[PDB]
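Heads up, the thing below is written out as structure tokens.
In what follows, residues are counted from 1 in the order of the sequence shown. Just so you know, these numbers use all the heavy atoms, side chains as well, and skip hydrogens, waters and symmetry mates.
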Amino acid sequence: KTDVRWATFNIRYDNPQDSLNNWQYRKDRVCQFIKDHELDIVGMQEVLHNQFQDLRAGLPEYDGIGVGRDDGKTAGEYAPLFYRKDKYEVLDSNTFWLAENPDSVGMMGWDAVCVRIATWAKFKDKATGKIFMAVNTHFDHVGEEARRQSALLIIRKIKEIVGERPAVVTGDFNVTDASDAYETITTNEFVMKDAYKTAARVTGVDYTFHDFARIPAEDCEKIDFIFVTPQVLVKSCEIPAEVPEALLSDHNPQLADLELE
């Protein structure tokens with residue numbers, strides 16, 4: 001009875017060196033995509049404070065959640081969650097650090113090479129009264145142990161905050177389905193399904209990183225995922241192909257039409 005179009009998307013942090021691929025030339029394209037596909041909830045990665053502000057300005061019907069990963073304020077990349085103000089209410093939300101102590105702001109962890117975070121929010125469908133949780137994160141590309149720990153940490157936080165109620169985890173994990181981190185959240189006592197592998201219908205491309213269309217399709221990998229608890233129904237998934245002319249990011253967003261039960 002509760003339908004929600006979810007999406008995870010790495011927007012590529014604002015870097016003047018990107019020249020024609022700089023955030024300034026993608027700002028509108030990204031906002032437009034979101035409103036066009038009528039995204040209900042979006043977990044985005046690599047979002048700098050100025051970019052976070054542009055999103056709020058370009059998505060007036062939405063609202064953002066999260067803080068900088070360097071000082072828990074505005075410094076560093078955000079891993080925010082945007083949602084429809086009129087559709088969902090935020091009962092509670094916060095952000096913790098993927099490390100030995102998730103409460104130590106700016107703290108790195110294990111094999112980590114860069115400080116990492118996860119932003120979550122306990123939502124409520126202000127129409128059906130349905131409660132669910134959303135967790136958006138960005139994993140370390142170098143730290144192996146850190147990745148395994150980050151996954152277990154997220155699971156413990158989902159059970160802590162929402163227990164066995166519907167929860168959806170999105171983010172950039174910097175690994176494919178062949179990694180171990182993917183296996184730790186996929187083969188854990190607390191079941192988490194890969195929305196892409198369980199969707200009744202899948203459209204689009206099968207990779208999520210192309211480095212601004214510079215990597216040939218055949219050599220592209222999928223490093224972005226949408227994970228859901230066993231109760232949620234994954235109606236469909238789509239990963240729109242990047243467009244060399246009107247490029248949105250070096251990554252491809254992953255949409256998912258879900259149904260909470």
Exercise for review: Report the C-alpha separation of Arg5 and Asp40 in whole Å, then their side-chain angles, then the decisive distance to 0.1 Å, and conclude whether the salt bridge (charged side-chain N to carboxylate O under 4.0 Å, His left out) test is met.
Suggested key: CA-CA 5 Å; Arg5 179 165 297 170; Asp40 285 310; 6.0 Å; no
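- Residues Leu248 and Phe33 form a side-chain contact, since some pair of their non-hydrogen atoms from C-beta on lies under 4.5 Å apart.
- Note: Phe82 and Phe52 meet the aromatic proximity criterion, with ring centroids under 6.0 Å apart.
- For CG of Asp28, the number of neighbouring non-hydrogen atoms (other residues, nucleotides, ligands) closer than 6.0 Å is 12 at most.
- Counting only residues at least two apart or in different chains, ring-ring contact (aromatic ring centres under 6.0 Å, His included) contacts with residues 234-261 comprise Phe209-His251.
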Review point. Would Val90 and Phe123 count as a side-chain contact (heavy atoms from CB on, under 4.5 Å) if you check the C-alpha gap in whole Å, the side-chain angles of each, and the deciding distance to 0.1 Å?
Key: CA-CA 5 Å; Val90 173; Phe123 283 115; 3.6 Å; yes
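- Side-chain atoms of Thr137 and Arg116, non-hydrogen and from C-beta on, never get closer than 4.5 Å to each other.
- Inter-residue side-chain proximity for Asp54 and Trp23 is flagged as met; some heavy-atom pair is nearer than 4.5 Å.
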Practice item. Determine, step by step, whether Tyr88 and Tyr83 satisfy the ring pair (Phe, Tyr, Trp, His ring centres under 6.0 Å) criterion, reporting the C-alpha distance in whole Å, the side-chain angles of both residues, the deciding distance to 0.1 Å, and the verdict. Key: CA-CA 7 Å; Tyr88 316 97; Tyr83 60 98; 7.3 Å; no
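- Put simply, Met192 and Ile161 are part of the same group of oily side chains (I, L, V, M, F, W, Y) that touch within less than 4.5 Å, one to the next.
- When hydrophobic clusters are built by joining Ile, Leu, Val, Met, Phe, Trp and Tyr residues whose side-chain heavy atoms come closer than 4.5 Å, directly or via intermediates, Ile226 is not grouped with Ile239.
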Practice item. Would you sort out whether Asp71 and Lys73 count as a salt bridge (charged side-chain N to carboxylate O under 4.0 Å, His left out), showing the intermediate values? Key: CA-CA 5 Å; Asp71 51 24; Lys73 297 179 177 178; over 6 Å; no
Review point. How far apart are the C-alpha atoms of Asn252 and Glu242, what are their side-chain angles, what is the distance that settles it, and do they pass the side-chain hydrogen bond (donor to acceptor under 3.5 Å, both in side chains) test?
Key: CA-CA 6 Å; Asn252 273 342; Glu242 64 302 329; 2.9 Å; yes
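- Side chain to side chain, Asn10 and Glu46 meet the donor-acceptor criterion of an N or O pair below 3.5 Å.
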Practice item. Assess whether salt bridge (charged side-chain N to carboxylate O under 4.0 Å, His left out) is satisfied between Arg69 and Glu77, documenting all intermediate values. Key: CA-CA 6 Å; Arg69 61 184 184 178; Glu77 315 189 320; 2.7 Å; yes
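- Here the OH atom belonging to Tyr62 is positioned 6.5 Å from the CD1 atom belonging to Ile34, to the nearest 0.5 angstrom.
- Residues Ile185 and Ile154 fail the side-chain proximity criterion, which asks for heavy atoms closer than 4.5 Å.
- Shortest non-hydrogen contact noted between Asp111 and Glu145 is OD1-CB, 3.0 Å.
- No side-chain donor-acceptor contact under 3.5 Å links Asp63 to the backbone of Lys85.
- Heavy atoms of other residues, nucleotides or ligands lying less than 6.0 angstrom from CD of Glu160 number more than 12.
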Review point. Can you list the steps and then say if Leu98 with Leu153 is a side-chain contact (heavy atoms from CB on, under 4.5 Å)?
Key: CA-CA 7 Å; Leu98 303 187; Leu153 169 60; 3.9 Å; yes
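- Within the 4.5 Å cutoff, the side chain of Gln45 has heavy atoms near those of the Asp224 side chain.
- Closest non-hydrogen pair, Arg26 versus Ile11, comes out as NH1-O, 3.0 Å.
- Just one of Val168, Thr186, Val191, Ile158 meets the side chain to side chain contact (heavy atoms under 4.5 Å, CB included) condition when paired with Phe227; it is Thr186.
- Across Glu261 and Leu233, no two heavy atoms sit closer than the pair OE2-CB, 3.7 Å.
- The shortest distance between side-chain heavy atoms of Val228 and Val234 falls below 4.5 Å.
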Check your understanding: Please walk me through it: do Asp125 and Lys1 pass salt bridge (charged side-chain N to carboxylate O under 4.0 Å, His left out)?
Key -> CA-CA 10 Å; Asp125 187 289; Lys1 193 163 78 74; over 6 Å; no
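- Geometrically, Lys122 does not engage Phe132 in a cation-pi contact, judged by NZ or CZ lying under 6.0 Å from the ring centre and within 45° of the ring axis.
- Note: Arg147 CZ to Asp180 CG = 7.0 Å, rounded to the nearest 0.5 Å.
- Taking all atoms of both residues into account, the shortest heavy-atom contact from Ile215 to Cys220 is O-SG, 3.5 Å.
- In this structure, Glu164 places its CD atom where only 12 or fewer heavy-atom neighbours from other residues, nucleotides or ligands lie under 6.0 Å away.
- Atom NZ of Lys35 sits in a crowded spot, with more than 12 heavy atoms from other residues, nucleotides or ligands closer than 6.0 Å.
- The shortest distance between side-chain heavy atoms of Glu61 and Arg84 falls below 4.5 Å.
- In terms of heavy atoms, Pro166 sits closest to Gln231 at N-OE1, 3.0 Å.
- Aromatic ring orientation, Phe225 versus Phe173: perpendicular (interplanar angle above 60°, classes split at 30° and 60°).
- Defined by atom type and a distance below 3.5 Å, a donor-acceptor pair is present between the side-chain atoms of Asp194 and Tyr182.
- Around atom CD of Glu218, more than 12 heavy atoms belonging to other residues, nucleotides or ligands sit under 6.0 Å away.
- The minimum heavy-atom distance between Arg165 and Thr229, with the atom names listed, is O-OG1, 4.4 Å.
- No more than 12 heavy atoms of other residues, nucleotides or ligands sit less than 6.0 Å from atom NZ of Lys193.
- Of the possible polar contacts, none joining the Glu89 side chain to the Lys124 backbone as a donor-acceptor pair under 3.5 Å is found.
- More than 12 heavy-atom neighbours from other residues, nucleotides or ligands sit within 6.0 angstrom of CZ on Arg214.
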Point to revise | Step-by-step side-chain hydrogen bond (donor to acceptor under 3.5 Å, both in side chains) determination, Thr170 to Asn136 | key: CA-CA 5 Å; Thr170 57; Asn136 186 52; 2.9 Å; yes
